[PDB]
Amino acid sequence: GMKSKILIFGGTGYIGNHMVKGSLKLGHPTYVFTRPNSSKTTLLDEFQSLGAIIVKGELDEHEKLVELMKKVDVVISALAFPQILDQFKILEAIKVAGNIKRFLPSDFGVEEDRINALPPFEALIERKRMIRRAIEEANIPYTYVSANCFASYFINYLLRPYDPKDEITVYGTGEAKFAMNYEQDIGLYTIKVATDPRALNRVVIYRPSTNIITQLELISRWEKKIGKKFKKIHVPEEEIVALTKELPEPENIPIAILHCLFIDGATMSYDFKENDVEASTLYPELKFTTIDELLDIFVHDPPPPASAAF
């Protein structure tokens, strides 16, 4: 019907698949752009059975992108770090088509316009800033989503629930606060804000009050959930900083990110600005899965661990 048509790049991705599923769940005609050689064949079949329109192609096919843009209203990019500046190909097609009502670049993490990080990670978020600056310069309608930490991703990374070990690694003192959200909710909320007038040309942050915690508190709550105590092993901050300077790339990127998220506490080190929009306050019919509900999920049916591409 009146539902905006949504085109998602990187839809077969770790977070992208949740945006595809949320888009379809909300009744939006959904287009998924994917490479001809992608191994996500079974996932594509699932998308297809859910109503998605699969489009195979490369980002280098400018004409194809333009003709595709002319058929949709909203464009969301969930591309990975190595493809951040490749989004300029998406933006060029958007500019040529001229009918796009909203573009969401691949941010979905920290709010890069108000935080800085160590060189390895700073270089990456600067690329995301470059995309943002280009969007504004071209007057393209946008929404910048700061989804903070992907919950399943980091519960797996921090607690290694699938590991029967008696020790757990803590980064820094472990007292830095961070916010983490369930991937499925990040996906649904993202589709929602992409058509919400309240999010037009604004920064949207996912910071539900029920999802703020520290490494130490997360460990304590997990210990209570499973009835086991862990020996906490700390990795000194000065130690983490040194590694980012000596280790080769991309090996030093994960370390820099851990410092930003769990030592500097970048997702919780600022207060909201006047024009910021905190997503959990937008829809009374929805709510973000809480940390306690997440831990229960890991007790009953834990999702597999993942590792971002660098």
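Heads up: residue numbers just count along the shown sequence, starting at 1.
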Looking at the deposited entry, does 170-178 or 198-206 carry the larger mean Cα B-factor? 170-178
For the C-alpha atoms alone, is the average B factor greater in 143-151 or in 218-226, going by the entry? 218-226
Kindly indicate the residue among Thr42, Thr267, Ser280, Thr34 with the greatest C-alpha B-factor in the PDB record. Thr42
Looking at the temperature factor on the CA atom of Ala134, which third of the chain's modelled residues does it land in? middle
Sorting the chain's CA B-factors, does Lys128 end up in the lowest, middle or highest third? lowest
What third of its chain, lowest, middle or highest, does the C-alpha temperature factor of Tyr162 fall into? highest
Ranked against its chain, the third holding the CA B-factor of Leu104: lowest
Select lowest, middle or highest to describe the third in which the CA B-factor of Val75 falls within its chain in this entry. lowest
